[PDB]
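Numbering-wise, the numbering used here comes out as the position in the sequence shown, counting from 1, plus 11.
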Amino acid sequence: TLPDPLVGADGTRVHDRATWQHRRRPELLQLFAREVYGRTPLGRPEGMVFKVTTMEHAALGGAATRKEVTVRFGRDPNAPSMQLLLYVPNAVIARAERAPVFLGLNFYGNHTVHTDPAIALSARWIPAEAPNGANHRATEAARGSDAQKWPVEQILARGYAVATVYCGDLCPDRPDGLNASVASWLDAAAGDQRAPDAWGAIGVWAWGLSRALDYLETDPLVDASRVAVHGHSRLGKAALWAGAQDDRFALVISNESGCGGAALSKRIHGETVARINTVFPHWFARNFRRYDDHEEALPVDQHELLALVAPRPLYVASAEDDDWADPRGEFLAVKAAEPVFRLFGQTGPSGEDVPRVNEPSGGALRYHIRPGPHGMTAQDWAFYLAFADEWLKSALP
Ligand SMILES: CO[C@H]1[C@H](O)[C@@H](O)[C@@H](O[C@H]2[C@H](O[C@@H]3CO[C@@H](O)[C@H](O)[C@H]3O)OC[C@@H](O[C@@H]3OC[C@@H](O)[C@H](O)[C@H]3O)[C@@H]2O)O[C@@H]1C(=O)O
Ligand SMILES: [K+]
Ligand SMILES: [Mg+2]
């Protein structure tokens, strides 16, 4: 059975938004940091540098302004960096208005999100699984290879900018990637083994998303107060943790994030804690390994991570055949987080069990399940865009 988000660690019943925001949220944040994702050792580093390396006002046949930006995490040119790609809808810019933004990481490099031949090929290590990679280096045959997950033209046509960063800029997704990571640089522990409570890939990815947001604040073309942070699967685990830690994010989307994302760990279904740490030992804190086949001992579950987004709108979604992500456990996490959203006057899914396919349910706390296998599809995006329209525009200038 689940720990109650609205009962403090000392048994105090949380009945008001101030106690939630100033006592219970820090408690839960610290528990997830120590026991699941590992500690984020700092937020914004001193000396971040933003360098716009390319800027095309007539990208995508004139539909967008495209910018590529090197976001460096310190002033020394020897500091680590990530490469941000930004498409801004020219229809909005031309009205002298700032665009809201969808922001999320990509799996295989910025050049894979769109065929746009002007995108810089990632110069970083790319996993063997990437489509049409050669020797773990980016090739131009990989251009647009992950475009199915990225309906850029539709997003732009609906009035949103699209921003993305390759997750491997921050931590290459391989069990040894943390030694070639942002974590490796910030790790001043001269020692070898990362500490038990030290962050892994998901914490490093989530931190990169907040650094992307830092950049968007400075970019005059976009409204960084209206950023929807989104991710698919492992990068949706990152999007949830980024959205929970960084309340500047206006809206958070978890597309089939599964185990250690939206799915309840204490529900033993599909991927389990032991399975995810065995296969992906770099993703979480070593402390999370304490809960291998010991989920009953977890002091939190993922409904409390969802609750860390409240009262900002949160969308959790599943795929019908995606048993490994445990769709029912993702839905039940939403339902167990709902009392925190309700504390702030927001509403979650109507009813007690999984809604029917392609029938989203909920107010600011929303869920859908779509037909088909694990993935991120045009149907998901259709629902996300309607959600963003409601929460980043409705009664807004
Ligand atoms: C939910 O996000 C993550 C999961 O946390 C990961 O476990 C991983 O899940 C995928 C699974 O991954 C394998 C688990 O078994 C291990 O032995 C193996 O080494 C892992 O590679 O692979 C199957 C995949 O579902 C497939 O997705 C595509 C869909 O078209 C197919 O029908 C599915 O079978 C599952 O996601 O990766 C997840 C992620 O996407 O980040
Ligand atoms: K801005
Ligand atoms: Mg599970």
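Heads up, the beta-carbon is just placed ideally off N, CA and C, and yes, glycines get one too.
- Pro324 is positioned such that its CB atom lies closer than 8 angstroms to that of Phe398.
- For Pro408, the number of other beta carbons within 10 angstroms of its own is below 16, and it is reported as exposed.
- When DSSP states are grouped into helix, strand and coil, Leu96 belongs to the strand group.
- Of the other Cβ atoms in all chains shown, fewer than 16 fall within 10 Å of the Cβ of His147; this residue is therefore exposed.
- Short of 7 angstroms from the beta carbon of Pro162, and not among the five residues preceding or following it, lie these beta carbons of its own chain, in chain order: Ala389 and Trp392.
- With a cut-off of 8 angstroms on Cβ pairs, the region 253 to 261 is in contact with the region 316 to 336, counting three or more such pairs.
- In the structure shown, the three-state DSSP call for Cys270 is strand.
- A check of alpha carbon separations from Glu57 across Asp87, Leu42, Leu40 and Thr81 identifies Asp87 as the nearest.
- Put simply, of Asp27, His26, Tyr48 and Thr30 the residue whose alpha carbon is nearest the alpha carbon of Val311 is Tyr48.
- Going by DSSP, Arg77 is part of no alpha helix (DSSP H) but of the beta strand (DSSP E) stretching over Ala75 to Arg83.
- Closest by C-alpha distance to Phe299, out of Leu246, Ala209 and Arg245, is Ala209.
- About 5 angstroms separates the CB atoms of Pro371 and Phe394; that is less than 8 angstroms, so the two are in contact.
- One alpha carbon belongs to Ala348, the other to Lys160, and they sit about 28 angstroms apart.
- If you ignore the 5 residues before and after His280, its C-beta comes within less than 6 angstroms of the C-beta of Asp337 and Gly340, all in its own chain and listed in chain order.
- Taking the Cα of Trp31 as reference, the smallest distance to any Cα among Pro16, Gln41, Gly247 and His243 is reached at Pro16.
- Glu306 and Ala249 have their C-alpha atoms spaced approximately 21 angstroms apart.
- In the DSSP annotation of this structure, the continuous segment of the beta strand (DSSP E) that includes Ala235 starts and ends at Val233 to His243.
- If you check the C-beta of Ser244 against ligand 1, you find a heavy atom less than 7 angstroms away.
- In summary, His122 is buried, with 16 or more beta-carbon neighbours lying within 10 Å of its beta-carbon over all protein chains present.
- Short note on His280: C-beta closer than 7 angstroms to some heavy atom of ligand 3.
- In the structure shown, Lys404 adopts coil according to DSSP, grouped into three states.
- In this chain, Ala321 is not harboured by any alpha helix (DSSP H), its DSSP state being neither H nor E.
- If you draw a straight line from the Cα of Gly359 to the Cα of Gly202, it comes to about 46 angstroms.
- Counted as a single uninterrupted DSSP element, the stretch harbouring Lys346 is not any beta strand (DSSP E) but the alpha helix (DSSP H) occupying residues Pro338 to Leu354.
- Following the DSSP letters along the chain, one finds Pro37 inside the alpha helix (DSSP H) bounded by residues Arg36 to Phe43.
- A heavy atom of ligand 1 is found nearer than 7 angstroms to the CB of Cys270.
- Annotated three-state conformation of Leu251 is helix, per DSSP.
- What you get when you keep residues with a C-beta closer than 7 angstroms to any heavy atom of ligand 2 is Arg109, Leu227, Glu228, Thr229, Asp230, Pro231, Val233, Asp234 and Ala235.
- One thing to note: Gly247 has its Cβ within 8 angstroms of the Cβ of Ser268.
- Selection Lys62, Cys178, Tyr378 and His125 evaluated against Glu331 yields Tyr378 as nearest (Cα-Cα).
- Going by beta carbons, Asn288 and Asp303 fall inside the 8 angstroms limit.
- The region 65 to 76 and the region 208 to 226 do not touch, with fewer than three beta-carbon pairs separated by less than 8 angstroms.
- Around the beta-carbon of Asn266, 16 or more other beta-carbon atoms lie within 10 Å, marking it buried.
- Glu164 and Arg34 have their alpha carbons spaced roughly 43 angstroms apart.
- Linking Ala194 to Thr229 through their CA atoms gives a straight-line distance of about 25 angstroms.
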